[PDB]
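# give me a 3D structure for the following:
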Amino acid sequence: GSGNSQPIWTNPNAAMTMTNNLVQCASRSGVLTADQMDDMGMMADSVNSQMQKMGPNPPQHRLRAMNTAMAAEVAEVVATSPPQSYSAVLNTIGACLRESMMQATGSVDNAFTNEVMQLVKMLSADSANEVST
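Residues are numbered from 1 along each chain as shown. Dropping the coordinates below:
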């Protein structure tokens, strides 16, 4: 019996690993602000809270929502960026997220990093085009 969509959300310790690695990576980027690096902290806090609400043996119907949940909360950090710094901030997220994925246990699959990246950008790019900064 095989055929279950188990990417990386298959172990609390594992999933929380990549989440922390993301924060630690971006905190040492030199790109983010003092606010943004702390904003990611409360973001990660939110992740492990809802990750425990995922359930034993994470069902894929939760996983298909969780990637969007993360993305939406990561988008907050990026939405705090001006158009000048946006690209550098996004670059950090897009890179560290991939790194953190494999540094957890489940390697870095393109699909998950794709969903996250796509959604983060889409949920972050709102009217950040014309501005005094």
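# please, where are all the helices along the chain?
Remark: helices assigned in the chain by DSSP state H are 12-27, 34-51, 60-79, 83-102, 110-122.
# relative to residue 132, which of these is closest?
helix 83-102 (10.5 Å; Cβ to Cβ). Quick note: C-beta positions are derived from backbone N, CA and C, even for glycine.
# minimum distance to residue 1: which of the helices of the chain has it?
Among these, the nearest to residue 1 by Cβ to Cβ is helix 60-79 (15.3 Å).
# rebuild the helices of the chain as a markdown table, extending it with mean neighbour count.
Formatted as a markdown table, the helices of the chain follow (neighbours: other Cβ atoms under 10 Å):
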| stretch | mean neighbour count |
| --- | --- |
| helix 12-27 | 18 |
| helix 34-51 | 16 |
| helix 60-79 | 18 |
| helix 83-102 | 17 |
| helix 110-122 | 16 |
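# could you dump those helices into CSV with distance to residue 131 added?
Shown next, in CSV, are the helices of the chain (distance: least, Cβ to Cβ, whole Å):
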stretch, distance to residue 131
helix 12-27, 23
helix 34-51, 17
helix 60-79, 12
helix 83-102, 6
helix 110-122, 17
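# and these: which comes nearest residue 5?
Nearest to residue 5 among the helices of the chain is helix 60-79; the distance by Cβ to Cβ comes to 3.9 Å.
# which helices and strands does the closest one pack with?
The helices and strands touching helix 60-79, judged by 3 or more Cβ pairs under 8 Å, 6 or more residues apart in numbering; DSSP states H and E, are helix 34-51, helix 83-102, helix 110-122.
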